[PDB]
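Student: Can you look at this? It's an experimental structure, sequence on top.
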Amino acid sequence: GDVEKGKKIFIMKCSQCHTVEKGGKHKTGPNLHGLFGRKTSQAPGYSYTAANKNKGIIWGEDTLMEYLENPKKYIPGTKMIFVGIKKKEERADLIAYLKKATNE
Ligand code: HEC
């Protein structure tokens, strides 16, 4: 739940493909601002896969905990090529950071 540690994980693991700031660029992956409490596939201006659109979950602490352990198990056919993060506490820290930064 540690936002300082989660920021560092974001930078190392995610930041090459994602921005989190309001109005931030889409890059390889979508800008993530506003995601908490949204369905998948909601960022206008981004080309998602049908797999992502068809997942039909709401993004939130628990769903992101599962997704980020193993993205392709959670959303088969996703084009996010990221193997996932093993440690539950590392995912928890990252998600706390995302919950701060994507709501800012
Ligand atoms: C490129 C190598 C990426 C890295 C590293 C990470 N992500 Fe990603 N993400 C990427 C793409 C190309 C996509 C679109 C996938 C699709 O099938 O359309 C995504 C998607 C996400 C999502 C879902 C976004 C939404 O539904 O609106 C999330 C929540 C997400 N990515 C988060 C995320 C995090 C936290 C990362 C670090 C652990 C991370 N991704 C790495 C590309 C890439």
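Tutor: Great, that's in hand. Numbers count the residues shown, from 1 in each chain.
Student: quick one: residue 31 and residue 38, what's the gap?
Tutor: 12 Å (C-beta to C-beta, to the nearest Å). Bear in mind the C-beta positions are built from the backbone N, C-alpha and C, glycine included.
Student: Looking at those two, which one has more neighbours?
Tutor: residue 31 (21 against 14; other C-beta atoms under 10 Å).
Student: Can you tell me the SS state at that one?
Tutor: Of the three states, residue 31 takes coil under DSSP: H, G, I helix; E, B strand; the rest coil.
Student: Quick one: residues contacting it.
Tutor: By C-beta atoms under 8 Å, 6 or more residues apart in numbering, the residues touching residue 31 are 18, 19, 20, 21, 23, 24, 25, 43, 46.
Student: now residue 94
Tutor: Residue 94 neighbours (C-beta under 8 Å, 6+ apart): 6, 9, 10, 13, 14, 68, 85.
Student: One more pass at 10 Å, please.
Tutor: Contact analysis of residue 94 by C-beta atoms under 10 Å, 6 or more residues apart in numbering lists 2-3, 5-10, 12-14, 64-65, 68, 85, 87.
Student: How about residue 78?
Tutor: 29, 40, 48, 49, 51, 52, 55, 67, 71, 72.
Student: Distance of it relative to residue 89?
Tutor: For residue 78 relative to residue 89 (C-beta to C-beta), the value is 24 Å.
Student: any idea how far residue 71 lies from residue 63?
Tutor: Distance from residue 71 to residue 63, by C-beta to C-beta: 12 Å.
Student: now swap in residue 12 and tell me
Tutor: Taking C-beta to C-beta, one finds residue 12 at 22 Å from residue 63.
Student: Who has more neighbours out of these two?
Tutor: Shown here are residue 12 and residue 63; by other C-beta under 10 Å, residue 63 has more neighbours (16 against 10).
Student: need the contacts of residue 31 in a markdown table with distance to the ligand and secondary structure, can you?
Tutor: Listed next are the contacts of residue 31 as a markdown table, based on distance: C-beta to the nearest ligand atom, whole Å; DSSP: H, G, I helix; E, B strand; the rest coil:
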| residue | distance to the ligand | secondary structure |
| --- | --- | --- |
| 18 | 5 | coil |
| 19 | 11 | coil |
| 20 | 9 | coil |
| 21 | 14 | coil |
| 23 | 16 | coil |
| 24 | 13 | coil |
| 25 | 13 | coil |
| 43 | 5 | coil |
| 46 | 7 | coil |
